[PDB]
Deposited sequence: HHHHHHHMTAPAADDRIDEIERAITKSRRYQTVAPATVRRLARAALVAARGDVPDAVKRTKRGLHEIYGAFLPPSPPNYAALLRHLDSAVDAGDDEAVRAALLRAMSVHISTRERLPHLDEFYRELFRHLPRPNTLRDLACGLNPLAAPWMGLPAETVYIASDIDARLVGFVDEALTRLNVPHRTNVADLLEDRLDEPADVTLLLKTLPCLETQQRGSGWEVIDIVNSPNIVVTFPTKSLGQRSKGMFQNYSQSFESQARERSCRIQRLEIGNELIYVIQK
């Protein structure tokens, strides 16, 4: 019952009302045991935990997605590609992490896909608002975009955006530390996610990379001794598994293209 109680408080009007029930329950269980059974403290622990992995990237209250979609529609309707891209850039900027890549979006994907095969199915885990980029990805017309994150409204908005861009897609609310990763996908994107997973569960980072059913994985780390920290640990861990990888650095992002 104590977990249900915590969750009820975590339906946290504003910030965490639509976070994946699976994520709330996982955090609440760890928080309860760590809080010595004190629900009030368990609630604070969970809330704080949610801010670390989710809340920190988004607004104090849910973003105004309706307005973001409205602008998207006007552009798509007016058949103005410039307007569509402008509306997409504006939307993606609501998510703090995704916002950091916008200045290097074209270089980022132009280069990234030169090191990848032409995908039939692109999976974007802990996607943030990244899927809204794509017109920049030069994806094959038939490519199916599979995106997921930890918030239903964010993911639900990613779905509407992809629908307006007429991009074949499927979207789900999935927690990388529990949900399945066996669905086949030619390429999987794990952009600026590992650090967050490691914080939630030590070692989870590479456990995900290993089980993800994709022969091609792109793992990135934010750069803004952050580059040193991330490049050293990841690279030692890779050479420790004889993983074939190609390193790149675009904008404030350290990129690793993993094959097999």
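No C-alpha positions are given for the deposited-sequence stretches 1 to 14, 239 to 245.
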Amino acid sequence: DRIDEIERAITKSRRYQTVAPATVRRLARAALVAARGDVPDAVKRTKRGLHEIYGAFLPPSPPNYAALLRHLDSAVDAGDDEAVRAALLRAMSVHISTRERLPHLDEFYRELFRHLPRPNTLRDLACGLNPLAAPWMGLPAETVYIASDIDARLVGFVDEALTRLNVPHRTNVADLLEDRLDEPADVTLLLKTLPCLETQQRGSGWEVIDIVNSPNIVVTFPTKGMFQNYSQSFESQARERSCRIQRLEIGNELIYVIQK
From here on, numbers count along this sequence of modelled residues.
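Averaged over Cα atoms, the B-factor as recorded in the entry is higher for 79 to 87 than for the other of 79 to 87 and 119 to 127. 29 to 37 and 208 to 216 differ in mean CA B-factor, and the higher of the two is recorded for 29 to 37.
Across the residues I150, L181, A141, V187, the deposited record lists the maximum Cα B factor for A141. Between the residues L194, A67, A56, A42, it is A42 that shows the highest Cα B-factor in the PDB record. Ranked against the other modelled residues of its chain, the C-alpha B-factor of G203 as given in the entry falls in the middle third. Ranked by Cα temperature factor within the chain, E111 sits in the middle third according to the deposited record. Looking at the C-alpha B-factors along this chain, the one for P222 belongs to the lowest third. Sorting the modelled residues of the chain by their CA temperature factor places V19 in the middle third. Per-chain ranking of the deposited C-alpha B factor places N172 in the middle third.
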